[PDB]
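What follows is the content of coords-v7.pdb, which has PDB, C-alpha atoms and all ligand atoms:
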ATOM      1  CA  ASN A  15      75.361  81.736  64.829
ATOM      2  CA  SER A  16      77.577  79.902  62.339
ATOM      3  CA  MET A  17      76.250  81.789  59.301
ATOM      4  CA  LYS A  18      76.818  85.096  61.115
ATOM      5  CA  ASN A  19      80.582  84.704  61.647
ATOM      6  CA  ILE A  20      83.166  85.200  58.916
ATOM      7  CA  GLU A  21      84.591  81.703  59.443
ATOM      8  CA  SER A  22      81.683  80.376  57.359
ATOM      9  CA  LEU A  23      82.573  82.482  54.307
ATOM     10  CA  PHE A  24      85.858  80.840  53.327
ATOM     11  CA  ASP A  25      87.553  77.670  52.215
ATOM     12  CA  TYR A  26      90.769  76.868  54.059
ATOM     13  CA  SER A  27      94.008  75.378  52.861
ATOM     14  CA  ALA A  28      95.043  72.310  54.828
ATOM     15  CA  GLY A  29      97.747  74.448  56.430
ATOM     16  CA  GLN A  30      95.312  77.102  57.630
ATOM     17  CA  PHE A  31      92.832  74.489  58.855
ATOM     18  CA  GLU A  32      95.486  72.459  60.686
ATOM     19  CA  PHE A  33      97.054  75.524  62.305
ATOM     20  CA  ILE A  34      93.680  76.596  63.715
ATOM     21  CA  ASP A  35      93.012  73.070  64.968
ATOM     22  CA  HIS A  36      96.460  72.873  66.584
ATOM     23  CA  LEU A  37      95.992  76.229  68.313
ATOM     24  CA  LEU A  38      92.756  75.046  69.903
ATOM     25  CA  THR A  39      94.067  71.659  71.050
ATOM     26  CA  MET A  40      97.286  73.254  72.326
ATOM     27  CA  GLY A  41      95.128  75.618  74.376
ATOM     28  CA  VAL A  42      93.170  72.709  75.842
ATOM     29  CA  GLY A  43      96.461  71.123  76.860
ATOM     30  CA  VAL A  44      97.907  74.232  78.495
ATOM     31  CA  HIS A  45      94.751  74.932  80.512
ATOM     32  CA  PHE A  46      94.359  71.393  81.870
ATOM     33  CA  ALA A  47      98.072  71.229  82.726
ATOM     34  CA  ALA A  48      97.870  74.469  84.711
ATOM     35  CA  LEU A  49      94.734  73.081  86.369
ATOM     36  CA  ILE A  50      96.836  70.336  87.942
ATOM     37  CA  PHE A  51      99.401  72.903  89.064
ATOM     38  CA  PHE A  52      96.739  75.059  90.743
ATOM     39  CA  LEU A  53      95.178  71.973  92.320
ATOM     40  CA  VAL A  54      98.508  70.838  93.753
ATOM     41  CA  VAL A  55      99.641  74.207  95.148
ATOM     42  CA  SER A  56      96.295  74.945  96.822
ATOM     43  CA  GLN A  57      97.599  73.109  99.903
ATOM     44  CA  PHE A  58     100.281  75.793 100.326
ATOM     45  CA  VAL A  59      97.731  78.636 100.449
ATOM     46  CA  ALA A  60      96.328  79.906 103.734
ATOM     47  CA  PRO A  61      92.574  79.394 104.220
ATOM     48  CA  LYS A  62      92.022  83.125 103.696
ATOM     49  CA  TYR A  63      93.413  83.042 100.144
ATOM     50  CA  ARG A  64      92.703  79.448  99.101
ATOM     51  CA  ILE A  65      89.499  80.328  97.228
ATOM     52  CA  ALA A  66      91.658  82.414  94.884
ATOM     53  CA  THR A  67      93.543  79.358  93.628
ATOM     54  CA  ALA A  68      90.314  77.336  93.546
ATOM     55  CA  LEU A  69      88.832  79.931  91.183
ATOM     56  CA  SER A  70      91.834  79.400  88.896
ATOM     57  CA  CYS A  71      90.993  75.697  88.744
ATOM     58  CA  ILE A  72      87.462  76.642  87.691
ATOM     59  CA  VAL A  73      88.764  79.060  85.060
ATOM     60  CA  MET A  74      91.114  76.402  83.666
ATOM     61  CA  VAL A  75      88.428  73.732  83.295
ATOM     62  CA  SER A  76      85.854  76.189  81.954
ATOM     63  CA  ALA A  77      88.292  77.619  79.413
ATOM     64  CA  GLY A  78      89.627  74.176  78.521
ATOM     65  CA  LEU A  79      86.202  72.630  77.956
ATOM     66  CA  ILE A  80      85.202  75.390  75.533
ATOM     67  CA  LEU A  81      88.503  75.217  73.641
ATOM     68  CA  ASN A  82      87.988  71.463  73.360
ATOM     69  CA  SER A  83      84.414  71.968  72.145
ATOM     70  CA  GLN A  84      85.538  74.524  69.565
ATOM     71  CA  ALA A  85      88.245  72.146  68.327
ATOM     72  CA  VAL A  86      85.699  69.375  67.754
ATOM     73  CA  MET A  87      83.145  71.728  66.223
ATOM     74  CA  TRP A  88      85.929  72.944  63.915
ATOM     75  CA  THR A  89      86.692  69.458  62.592
ATOM     76  CA  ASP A  90      82.997  68.478  62.426
ATOM     77  CA  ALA A  91      82.057  71.484  60.263
ATOM     78  CA  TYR A  92      84.732  71.158  57.552
ATOM     79  CA  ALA A  93      85.904  68.402  55.215
ATOM     80  CA  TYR A  94      88.873  68.247  52.845
ATOM     81  CA  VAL A  95      87.186  68.281  49.421
ATOM     82  CA  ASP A  96      89.109  68.819  46.174
ATOM     83  CA  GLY A  97      92.205  70.283  47.774
ATOM     84  CA  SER A  98      90.642  72.546  50.411
ATOM     85  CA  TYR A  99      88.635  72.406  53.618
ATOM     86  CA  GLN A 100      85.060  73.410  52.816
ATOM     87  CA  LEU A 101      82.057  74.057  55.030
ATOM     88  CA  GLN A 102      79.986  70.881  55.415
ATOM     89  CA  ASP A 103      77.955  71.551  58.571
ATOM     90  CA  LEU A 104      76.848  74.706  60.385
ATOM     91  CA  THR A 105      78.356  73.828  63.762
ATOM     92  CA  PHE A 106      81.213  76.288  64.462
ATOM     93  CA  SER A 107      80.918  79.801  65.853
ATOM     94  CA  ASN A 108      82.872  81.986  68.247
ATOM     95  CA  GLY A 109      79.787  82.729  70.339
ATOM     96  CA  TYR A 110      80.629  79.912  72.742
ATOM     97  CA  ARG A 111      83.678  81.937  73.779
ATOM     98  CA  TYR A 112      81.409  84.856  74.699
ATOM     99  CA  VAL A 113      78.935  82.831  76.759
ATOM    100  CA  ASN A 114      81.877  81.277  78.593
ATOM    101  CA  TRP A 115      83.307  84.719  79.391
ATOM    102  CA  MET A 116      80.108  85.323  81.357
ATOM    103  CA  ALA A 117      81.457  82.716  83.790
ATOM    104  CA  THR A 118      85.254  83.037  83.776
ATOM    105  CA  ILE A 119      85.504  86.853  83.859
ATOM    106  CA  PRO A 120      83.733  86.977  87.256
ATOM    107  CA  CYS A 121      86.075  84.245  88.511
ATOM    108  CA  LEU A 122      89.157  86.153  87.347
ATOM    109  CA  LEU A 123      87.858  89.360  88.912
ATOM    110  CA  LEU A 124      86.985  87.607  92.222
ATOM    111  CA  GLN A 125      90.487  86.096  92.699
ATOM    112  CA  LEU A 126      91.989  89.607  92.351
ATOM    113  CA  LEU A 127      89.686  91.136  94.959
ATOM    114  CA  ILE A 128      90.482  88.297  97.361
ATOM    115  CA  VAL A 129      94.252  88.696  97.155
ATOM    116  CA  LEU A 130      93.701  92.460  97.587
ATOM    117  CA  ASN A 131      92.443  91.634 101.114
ATOM    118  CA  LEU A 132      88.998  93.134 100.477
ATOM    119  CA  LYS A 133      86.484  91.765 103.008
ATOM    120  CA  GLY A 134      82.776  91.807 103.773
ATOM    121  CA  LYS A 135      80.742  94.753 102.565
ATOM    122  CA  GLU A 136      83.379  96.167 100.230
ATOM    123  CA  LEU A 137      84.103  92.784  98.629
ATOM    124  CA  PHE A 138      80.435  92.075  97.889
ATOM    125  CA  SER A 139      79.659  95.600  96.671
ATOM    126  CA  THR A 140      82.834  95.866  94.586
ATOM    127  CA  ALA A 141      82.290  92.433  93.021
ATOM    128  CA  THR A 142      78.658  93.209  92.170
ATOM    129  CA  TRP A 143      79.533  96.333  90.184
ATOM    130  CA  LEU A 144      82.492  94.681  88.456
ATOM    131  CA  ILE A 145      80.460  91.625  87.411
ATOM    132  CA  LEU A 146      77.578  93.790  86.190
ATOM    133  CA  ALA A 147      79.991  95.878  84.117
ATOM    134  CA  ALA A 148      81.724  92.792  82.719
ATOM    135  CA  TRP A 149      78.411  91.186  81.788
ATOM    136  CA  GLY A 150      77.350  94.422  80.107
ATOM    137  CA  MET A 151      80.610  94.339  78.166
ATOM    138  CA  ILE A 152      80.203  90.696  77.137
ATOM    139  CA  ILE A 153      76.494  90.892  76.280
ATOM    140  CA  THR A 154      76.913  93.918  74.003
ATOM    141  CA  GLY A 155      80.036  92.376  72.518
ATOM    142  CA  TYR A 156      78.137  89.155  71.824
ATOM    143  CA  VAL A 157      75.301  90.977  70.031
ATOM    144  CA  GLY A 158      77.806  92.934  67.962
ATOM    145  CA  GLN A 159      79.672  89.921  66.589
ATOM    146  CA  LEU A 160      76.360  88.556  65.284
ATOM    147  CA  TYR A 161      76.764  91.276  62.620
ATOM    148  CA  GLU A 162      80.391  90.777  61.580
ATOM    149  CA  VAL A 163      79.237  89.391  58.215
ATOM    150  CA  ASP A 164      75.982  91.232  57.520
ATOM    151  CA  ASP A 165      76.390  94.637  59.202
ATOM    152  CA  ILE A 166      79.879  95.903  60.028
ATOM    153  CA  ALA A 167      78.456  99.268  61.092
ATOM    154  CA  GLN A 168      76.362  97.470  63.758
ATOM    155  CA  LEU A 169      79.477  95.553  64.955
ATOM    156  CA  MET A 170      81.180  98.946  65.456
ATOM    157  CA  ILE A 171      78.283 100.489  67.393
ATOM    158  CA  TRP A 172      77.897  97.481  69.680
ATOM    159  CA  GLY A 173      81.664  97.398  70.131
ATOM    160  CA  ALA A 174      81.731 101.057  71.138
ATOM    161  CA  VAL A 175      79.009 100.433  73.712
ATOM    162  CA  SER A 176      80.885  97.342  74.908
ATOM    163  CA  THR A 177      84.084  99.381  75.199
ATOM    164  CA  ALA A 178      82.407 101.866  77.547
ATOM    165  CA  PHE A 179      81.664  99.085  80.041
ATOM    166  CA  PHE A 180      85.258  97.892  79.587
ATOM    167  CA  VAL A 181      86.631 101.346  80.415
ATOM    168  CA  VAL A 182      84.457 101.693  83.509
ATOM    169  CA  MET A 183      85.394  98.185  84.649
ATOM    170  CA  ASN A 184      89.121  98.897  84.321
ATOM    171  CA  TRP A 185      88.686 102.123  86.282
ATOM    172  CA  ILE A 186      87.054 100.272  89.181
ATOM    173  CA  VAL A 187      89.744  97.570  89.131
ATOM    174  CA  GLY A 188      92.547 100.114  88.934
ATOM    175  CA  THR A 189      91.126 102.314  91.673
ATOM    176  CA  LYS A 190      90.745  99.372  94.058
ATOM    177  CA  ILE A 191      94.255  98.129  93.276
ATOM    178  CA  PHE A 192      95.931 101.490  93.906
ATOM    179  CA  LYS A 193      93.856 102.230  97.023
ATOM    180  CA  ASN A 194      94.522  98.842  98.656
ATOM    181  CA  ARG A 195      98.052  97.827  97.676
ATOM    182  CA  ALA A 196      99.213  99.183 101.051
ATOM    183  CA  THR A 197      97.478  96.281 102.846
ATOM    184  CA  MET A 198      99.371  93.676 100.804
ATOM    185  CA  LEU A 199     101.876  91.471 102.613
ATOM    186  CA  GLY A 200     105.170  89.823 101.757
ATOM    187  CA  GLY A 201     106.038  92.569  99.302
ATOM    188  CA  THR A 202     103.084  91.813  97.019
ATOM    189  CA  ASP A 203     102.108  95.487  96.918
ATOM    190  CA  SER A 204     104.698  95.628  94.119
ATOM    191  CA  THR A 205     103.425  92.468  92.429
ATOM    192  CA  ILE A 206      99.758  93.453  92.214
ATOM    193  CA  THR A 207     100.648  96.499  90.102
ATOM    194  CA  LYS A 208     102.199  94.273  87.422
ATOM    195  CA  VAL A 209      99.089  92.088  87.377
ATOM    196  CA  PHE A 210      97.072  95.214  86.590
ATOM    197  CA  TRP A 211      99.275  96.022  83.603
ATOM    198  CA  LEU A 212      99.216  92.389  82.473
ATOM    199  CA  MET A 213      95.405  92.584  82.573
ATOM    200  CA  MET A 214      95.300  95.798  80.552
ATOM    201  CA  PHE A 215      97.486  94.306  77.842
ATOM    202  CA  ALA A 216      95.963  90.832  77.765
ATOM    203  CA  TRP A 217      92.311  91.914  77.913
ATOM    204  CA  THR A 218      92.779  94.505  75.156
ATOM    205  CA  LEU A 219      93.727  91.815  72.645
ATOM    206  CA  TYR A 220      90.107  90.627  72.692
ATOM    207  CA  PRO A 221      88.602  93.811  71.166
ATOM    208  CA  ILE A 222      91.364  93.608  68.560
ATOM    209  CA  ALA A 223      90.321  90.077  67.594
ATOM    210  CA  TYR A 224      86.716  91.324  67.628
ATOM    211  CA  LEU A 225      87.599  93.867  64.913
ATOM    212  CA  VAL A 226      89.381  91.442  62.513
ATOM    213  CA  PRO A 227      86.263  91.168  60.334
ATOM    214  CA  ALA A 228      86.530  94.910  59.667
ATOM    215  CA  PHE A 229      90.213  95.117  58.660
ATOM    216  CA  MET A 230      91.036  91.567  57.505
ATOM    217  CA  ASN A 231      87.942  89.907  56.043
ATOM    218  CA  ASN A 232      89.614  86.790  54.651
ATOM    219  CA  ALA A 233      90.838  83.336  55.650
ATOM    220  CA  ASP A 234      94.115  84.779  56.942
ATOM    221  CA  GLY A 235      92.091  87.037  59.244
ATOM    222  CA  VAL A 236      90.284  83.982  60.581
ATOM    223  CA  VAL A 237      93.677  82.507  61.476
ATOM    224  CA  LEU A 238      94.948  85.756  62.988
ATOM    225  CA  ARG A 239      91.843  86.031  65.173
ATOM    226  CA  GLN A 240      92.293  82.526  66.566
ATOM    227  CA  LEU A 241      95.958  83.371  67.156
ATOM    228  CA  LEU A 242      95.089  86.539  69.066
ATOM    229  CA  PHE A 243      92.472  84.648  71.083
ATOM    230  CA  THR A 244      95.125  82.061  71.990
ATOM    231  CA  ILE A 245      97.661  84.658  73.135
ATOM    232  CA  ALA A 246      94.940  86.528  75.013
ATOM    233  CA  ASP A 247      93.621  83.326  76.615
ATOM    234  CA  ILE A 248      97.030  82.138  77.811
ATOM    235  CA  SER A 249      97.902  85.590  79.145
ATOM    236  CA  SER A 250      94.570  86.580  80.707
ATOM    237  CA  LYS A 251      93.783  83.160  82.215
ATOM    238  CA  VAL A 252      96.987  81.162  82.754
ATOM    239  CA  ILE A 253      99.799  83.669  83.287
ATOM    240  CA  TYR A 254      97.372  85.813  85.287
ATOM    241  CA  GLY A 255      96.408  82.833  87.445
ATOM    242  CA  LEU A 256     100.058  82.005  88.094
ATOM    243  CA  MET A 257     100.648  85.525  89.432
ATOM    244  CA  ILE A 258      97.487  85.534  91.555
ATOM    245  CA  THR A 259      98.621  82.204  93.016
ATOM    246  CA  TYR A 260     102.116  83.544  93.674
ATOM    247  CA  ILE A 261     100.598  86.511  95.513
ATOM    248  CA  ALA A 262      98.329  84.130  97.434
ATOM    249  CA  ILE A 263     101.241  82.003  98.655
ATOM    250  CA  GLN A 264     103.573  84.897  99.507
ATOM    251  CA  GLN A 265     100.884  86.639 101.559
ATOM    252  CA  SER A 266      99.976  83.303 103.163
ATOM    253  CA  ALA A 267     103.609  82.834 104.198
ATOM    254  CA  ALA A 268     103.966  86.409 105.452
ATOM    255  CA  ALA A 269     100.766  85.800 107.437
ATOM    256  CA  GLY A 270     102.398  82.880 109.263
ATOM    257  CA  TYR A 271     100.936  79.917 107.355
ATOM    258  CA  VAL A 272     103.627  77.250 107.686
ATOM    259  CA  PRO A 273     102.867  75.200 104.522
ATOM    260  CA  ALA A 274     103.237  78.463 102.604
ATOM    261  CA  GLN A 275     106.560  79.225 104.439
ATOM    262  CA  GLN A 276     107.880  75.666 103.953
ATOM    263  CA  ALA A 277     107.025  75.718 100.211
ATOM    264  CA  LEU A 278     108.614  79.143  99.424
TER     265      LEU A 278
HETATM  266  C1  LIG A 301      84.700 104.462  72.368
HETATM  267  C2  LIG A 301      84.188 105.249  73.573
HETATM  268  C3  LIG A 301      85.117 105.015  74.757
HETATM  269  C4  LIG A 301      86.201 106.087  74.745
HETATM  270  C5  LIG A 301      87.176 105.820  75.881
HETATM  271  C6  LIG A 301      88.018 107.069  76.134
HETATM  272  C7  LIG A 301      88.456 107.120  77.600
HETATM  273  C8  LIG A 301      89.682 106.222  77.812
HETATM  274  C9  LIG A 301      90.286 106.565  79.173
HETATM  275  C10 LIG A 301      90.560 105.653  80.096
HETATM  276  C11 LIG A 301      90.310 104.160  79.882
HETATM  277  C12 LIG A 301      90.294 103.440  81.231
HETATM  278  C13 LIG A 301      91.698 103.369  81.819
HETATM  279  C14 LIG A 301      91.609 102.860  83.261
HETATM  280  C15 LIG A 301      92.906 103.235  83.987
HETATM  281  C16 LIG A 301      92.784 102.966  85.488
HETATM  282  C17 LIG A 301      92.386 104.244  86.227
HETATM  283  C18 LIG A 301      93.103 104.352  87.576
HETATM  284  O1  LIG A 301      94.035 103.656  87.827
HETATM  285  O2  LIG A 301      92.644 105.287  88.514
HETATM  286  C19 LIG A 301      93.542 105.620  89.538
HETATM  287  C20 LIG A 301      92.745 106.218  90.700
HETATM  288  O3  LIG A 301      92.806 107.617  90.615
HETATM  289  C21 LIG A 301      93.313 105.758  92.046
HETATM  290  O4  LIG A 301      94.371 106.597  92.435
HETATM  291  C1  LIG A 302      89.062  85.120  79.336
HETATM  292  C2  LIG A 302      89.076  86.301  80.193
HETATM  293  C3  LIG A 302      88.653  87.534  79.884
HETATM  294  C4  LIG A 302      88.758  88.620  80.913
HETATM  295  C5  LIG A 302      88.058  87.891  78.583
HETATM  296  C6  LIG A 302      87.855  89.192  78.382
HETATM  297  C7  LIG A 302      87.201  89.734  77.196
HETATM  298  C8  LIG A 302      87.101  91.043  76.917
HETATM  299  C9  LIG A 302      87.691  92.072  77.835
HETATM  300  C10 LIG A 302      86.402  91.474  75.692
HETATM  301  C11 LIG A 302      86.214  92.757  75.391
HETATM  302  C12 LIG A 302      85.500  93.314  74.224
HETATM  303  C13 LIG A 302      85.435  94.639  74.104
HETATM  304  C14 LIG A 302      86.203  95.523  75.042
HETATM  305  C15 LIG A 302      84.768  95.364  72.959
HETATM  306  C16 LIG A 302      84.660  94.426  71.764
HETATM  307  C17 LIG A 302      83.965  93.144  72.198
HETATM  308  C18 LIG A 302      84.730  92.408  73.293
HETATM  309  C19 LIG A 302      83.702  91.626  74.103
HETATM  310  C20 LIG A 302      85.643  91.396  72.610
HETATM  311  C1  LIG A 303      73.243  88.797  89.651
HETATM  312  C2  LIG A 303      73.754  90.170  90.065
HETATM  313  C3  LIG A 303      75.238  90.162  90.417
HETATM  314  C4  LIG A 303      75.595  89.057  91.405
HETATM  315  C5  LIG A 303      76.859  89.405  92.178
HETATM  316  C6  LIG A 303      77.285  88.258  93.086
HETATM  317  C7  LIG A 303      78.750  88.437  93.466
HETATM  318  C8  LIG A 303      79.178  87.479  94.576
HETATM  319  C9  LIG A 303      79.690  88.280  95.749
HETATM  320  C10 LIG A 303      80.980  87.955  96.382
HETATM  321  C11 LIG A 303      81.496  86.537  96.412
HETATM  322  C12 LIG A 303      82.833  86.477  97.155
HETATM  323  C13 LIG A 303      82.772  85.603  98.408
HETATM  324  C14 LIG A 303      83.343  84.206  98.177
HETATM  325  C15 LIG A 303      83.906  83.642  99.482
HETATM  326  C16 LIG A 303      85.284  84.225  99.786
HETATM  327  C17 LIG A 303      85.493  84.478 101.279
HETATM  328  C18 LIG A 303      86.507  83.511 101.851
HETATM  329  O1  LIG A 303      87.586  83.285 101.259
HETATM  330  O2  LIG A 303      86.280  82.922 102.931
HETATM  331 CL    CL A 304      86.466  81.358  79.185
HETATM  332 CL    CL A 305      87.033  84.906  80.789
END

Produce structure tokens that represent the structure in this file.
Amino acid sequence: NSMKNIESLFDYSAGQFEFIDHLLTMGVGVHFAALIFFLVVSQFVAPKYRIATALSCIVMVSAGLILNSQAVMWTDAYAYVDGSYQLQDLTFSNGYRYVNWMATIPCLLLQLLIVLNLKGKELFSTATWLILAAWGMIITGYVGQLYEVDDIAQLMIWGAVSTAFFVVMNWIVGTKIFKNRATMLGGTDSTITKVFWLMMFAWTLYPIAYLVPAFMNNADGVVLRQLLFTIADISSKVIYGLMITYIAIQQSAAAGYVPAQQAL
């Protein structure tokens, strides 16, 4: 996969190489620090909603482990030779991000459905279709980025197919949010709507990073992509988790869970 991504085409100045490295290690540090927060506040969440915060812990460790792996692969694959960082070993590719999305995107989608108060049949059926759509999005996206060096037309076709799953997924999410916000407690019917708009904005940065090879095929585009991934990661995983957890606690408290009431 390393020969198929644009990162393998370029030499990097020390500044470019260090910035990328620092983005990845900063992301590791943010995810594992939020992990502790989610772990600690899980005691303030009613049993009904506690799985939602537990899923955030899983997202944090999953996302953090891959960012840590990328950071090490990044420094293993390049060496400072004659004033630049040059490819030494085929060990870095973005594909690990995609495979990980197969795991974390279901987790992120499940926490939302839980705080929406969906139960039994509807929860299982709704989650099945959302996870199938998300996997379809990720799988077609993954195949497309295998062509970002050798076939930009193929990257566009796979991306268009991926974007159809994305659109259908967002329609299911949005429909369930607007049809069920009336069941939300503690005033969180107003909060869940913002989470939906946060999702739209944060998730849409990923297709933009996907397209960098088409509009910025150079070492600065490599940096920009990692920057957009970092903003998208923090927003779609951390800030999103913080809001899901807020909703979990507020509804727990409204539902008469004392640890939630004593903590608010
Ligand atoms: C490249 C090929 C793909 C072309 C794509 C063109 C179509 C884009 C339109 C919508 C995107 C999805 C937006 C999802 C917005 C959420 C929908 C929603 O909230 O539905 C409310 C429902 O009626 C409950 O009242
Ligand atoms: C880390 C959490 C999430 C939800 C990551 C989400 C990723 C996407 C929504 C990616 C979408 C893509 C699309 C829509 C089309 C181009 C290829 C992508 C897979 C990057
Ligand atoms: C392989 C095809 C797709 C597989 C879809 C599987 C989706 C899993 C279904 C729903 C899991 C949600 C239930 C988790 C327990 C929460 C209930 C509780 O909080 O007590
Ligand atoms: Cl992830
Ligand atoms: Cl994800």

(request) Taking the file as shown, find all residues satisfying the PyMOL selection byres (((chain A and resi 169-176) around 6) and not hetatm) and write them as JSON, numbers by chain. (result) {"A": [151, 154, 155, 158, 159, 161, 162, 166, 167, 168, 177, 178, 179]}

(message) For a quick check of understanding, using all atoms listed in the file, which of A:128, A:223, A:148, A:213 has the smallest distance to residue A:253?
(response)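 Using all atoms listed in the file, residue A:253 sits closest to A:213.
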
For the structure shown, which residues end up in the PyMOL selection byres (((chain A and resi 33-45) around 12) and not hetatm)? Put them as a short mmCIF file (atom, residue, chain, number, x, y, z; two decimals) with C-alpha atoms, keeping the file's coordinate frame, please?
data_model
loop_
_atom_site.label_atom_id
_atom_site.label_comp_id
_atom_site.auth_asym_id
_atom_site.auth_seq_id
_atom_site.Cartn_x
_atom_site.Cartn_y
_atom_site.Cartn_z
CA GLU A 21 84.59 81.70 59.44
CA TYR A 26 90.77 76.87 54.06
CA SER A 27 94.01 75.38 52.86
CA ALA A 28 95.04 72.31 54.83
CA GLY A 29 97.75 74.45 56.43
CA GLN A 30 95.31 77.10 57.63
CA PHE A 31 92.83 74.49 58.86
CA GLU A 32 95.49 72.46 60.69
CA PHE A 46 94.36 71.39 81.87
CA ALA A 47 98.07 71.23 82.73
CA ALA A 48 97.87 74.47 84.71
CA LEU A 49 94.73 73.08 86.37
CA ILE A 50 96.84 70.34 87.94
CA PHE A 51 99.40 72.90 89.06
CA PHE A 52 96.74 75.06 90.74
CA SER A 70 91.83 79.40 88.90
CA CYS A 71 90.99 75.70 88.74
CA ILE A 72 87.46 76.64 87.69
CA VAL A 73 88.76 79.06 85.06
CA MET A 74 91.11 76.40 83.67
CA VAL A 75 88.43 73.73 83.30
CA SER A 76 85.85 76.19 81.95
CA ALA A 77 88.29 77.62 79.41
CA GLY A 78 89.63 74.18 78.52
CA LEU A 79 86.20 72.63 77.96
CA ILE A 80 85.20 75.39 75.53
CA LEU A 81 88.50 75.22 73.64
CA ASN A 82 87.99 71.46 73.36
CA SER A 83 84.41 71.97 72.14
CA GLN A 84 85.54 74.52 69.56
CA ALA A 85 88.24 72.15 68.33
CA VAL A 86 85.70 69.38 67.75
CA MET A 87 83.14 71.73 66.22
CA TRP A 88 85.93 72.94 63.92
CA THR A 89 86.69 69.46 62.59
CA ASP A 90 83.00 68.48 62.43
CA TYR A 92 84.73 71.16 57.55
CA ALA A 233 90.84 83.34 55.65
CA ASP A 234 94.12 84.78 56.94
CA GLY A 235 92.09 87.04 59.24
CA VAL A 236 90.28 83.98 60.58
CA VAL A 237 93.68 82.51 61.48
CA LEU A 238 94.95 85.76 62.99
CA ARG A 239 91.84 86.03 65.17
CA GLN A 240 92.29 82.53 66.57
CA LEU A 241 95.96 83.37 67.16
CA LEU A 242 95.09 86.54 69.07
CA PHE A 243 92.47 84.65 71.08
CA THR A 244 95.12 82.06 71.99
CA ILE A 245 97.66 84.66 73.14
CA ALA A 246 94.94 86.53 75.01
CA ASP A 247 93.62 83.33 76.61
CA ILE A 248 97.03 82.14 77.81
CA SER A 249 97.90 85.59 79.14
CA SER A 250 94.57 86.58 80.71
CA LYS A 251 93.78 83.16 82.22
CA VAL A 252 96.99 81.16 82.75
CA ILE A 253 99.80 83.67 83.29
CA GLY A 255 96.41 82.83 87.44
CA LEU A 256 100.06 82.00 88.09
#

(request) Go ahead and compute the interatomic distance for atom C10 of ligand LIG 303 (chain A) and atom CA of residue A:110, in Å to one decimal. (result)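 Computing it gives 25.0 Å between the two atoms.
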
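Atom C18 of ligand LIG 303 (chain A) lies 10.3 Å from atom CA of residue A:125.
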
(request) Give as a PyMOL selection string the residues surrounding ligand LIG 301 (chain A) up to a distance of 7 Å, considering only C-alpha atoms and all ligand atoms. (result) chain A and resi 174+177-178+181-182+184-185+188-189+192-193

(request) Give me, please, the distance in Å between atom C16 of ligand LIG 302 (chain A) and atom CA of residue A:219, quoted to one decimal. (result)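 Spanning atom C16 of ligand LIG 302 (chain A) to atom CA of residue A:219 is a straight-line distance of 9.5 Å.
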
(request) Have a look at A:230, A:116, A:191, A:196 and name the one nearest to ligand CL 305 (chain A); count all atoms listed in the file. (result)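 Among the listed residues, A:116 lies closest to ligand CL 305 (chain A).
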
(request) Return the single residue from A:271, A:220, A:143, A:106 that is closest to ligand LIG 303 (chain A), with distances computed using only C-alpha atoms and all ligand atoms. (result) A:143

(request) Expand the PyMOL selection byres (((not hetatm)) within 8 of (chain A and resi 303)) into the individual residues it matches in the shown file, reporting them as an NGL selection string. (result) :A and (61-66 or 124 or 128 or 133 or 137-139 or 141-143 or 145-146)

Output stretch 84-94 of chain A with N, CA and C atoms present, as a PDB file, in the frame of the given file.
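Resulting contents of rebuild.pdb:
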ATOM      1  N   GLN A  84      85.239  73.830  70.807  1.00  0.00           N
ATOM      2  CA  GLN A  84      85.538  74.524  69.565  1.00  0.00           C
ATOM      3  C   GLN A  84      86.371  73.651  68.634  1.00  0.00           C
ATOM      4  N   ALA A  85      87.387  72.974  69.175  1.00  0.00           N
ATOM      5  CA  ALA A  85      88.245  72.146  68.327  1.00  0.00           C
ATOM      6  C   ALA A  85      87.441  71.058  67.633  1.00  0.00           C
ATOM      7  N   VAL A  86      86.495  70.447  68.348  1.00  0.00           N
ATOM      8  CA  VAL A  86      85.699  69.375  67.754  1.00  0.00           C
ATOM      9  C   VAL A  86      84.681  69.951  66.783  1.00  0.00           C
ATOM     10  N   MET A  87      84.042  71.058  67.150  1.00  0.00           N
ATOM     11  CA  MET A  87      83.145  71.728  66.223  1.00  0.00           C
ATOM     12  C   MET A  87      83.876  72.141  64.951  1.00  0.00           C
ATOM     13  N   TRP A  88      85.148  72.517  65.076  1.00  0.00           N
ATOM     14  CA  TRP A  88      85.929  72.944  63.915  1.00  0.00           C
ATOM     15  C   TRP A  88      86.152  71.799  62.945  1.00  0.00           C
ATOM     16  N   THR A  89      86.467  70.606  63.462  1.00  0.00           N
ATOM     17  CA  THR A  89      86.692  69.458  62.592  1.00  0.00           C
ATOM     18  C   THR A  89      85.395  68.773  62.161  1.00  0.00           C
ATOM     19  N   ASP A  90      84.281  69.003  62.870  1.00  0.00           N
ATOM     20  CA  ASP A  90      82.997  68.478  62.426  1.00  0.00           C
ATOM     21  C   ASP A  90      82.421  69.280  61.266  1.00  0.00           C
ATOM     22  N   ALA A  91      82.703  70.586  61.209  1.00  0.00           N
ATOM     23  CA  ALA A  91      82.057  71.484  60.263  1.00  0.00           C
ATOM     24  C   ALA A  91      82.744  71.556  58.903  1.00  0.00           C
ATOM     25  N   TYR A  92      83.954  71.033  58.771  1.00  0.00           N
ATOM     26  CA  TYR A  92      84.732  71.158  57.552  1.00  0.00           C
ATOM     27  C   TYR A  92      85.276  69.809  57.116  1.00  0.00           C
ATOM     28  N   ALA A  93      85.329  69.602  55.803  1.00  0.00           N
ATOM     29  CA  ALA A  93      85.904  68.402  55.215  1.00  0.00           C
ATOM     30  C   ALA A  93      86.836  68.790  54.077  1.00  0.00           C
ATOM     31  N   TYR A  94      87.905  68.009  53.911  1.00  0.00           N
ATOM     32  CA  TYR A  94      88.873  68.247  52.845  1.00  0.00           C
ATOM     33  C   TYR A  94      88.281  67.720  51.543  1.00  0.00           C
TER      34      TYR A  94
END
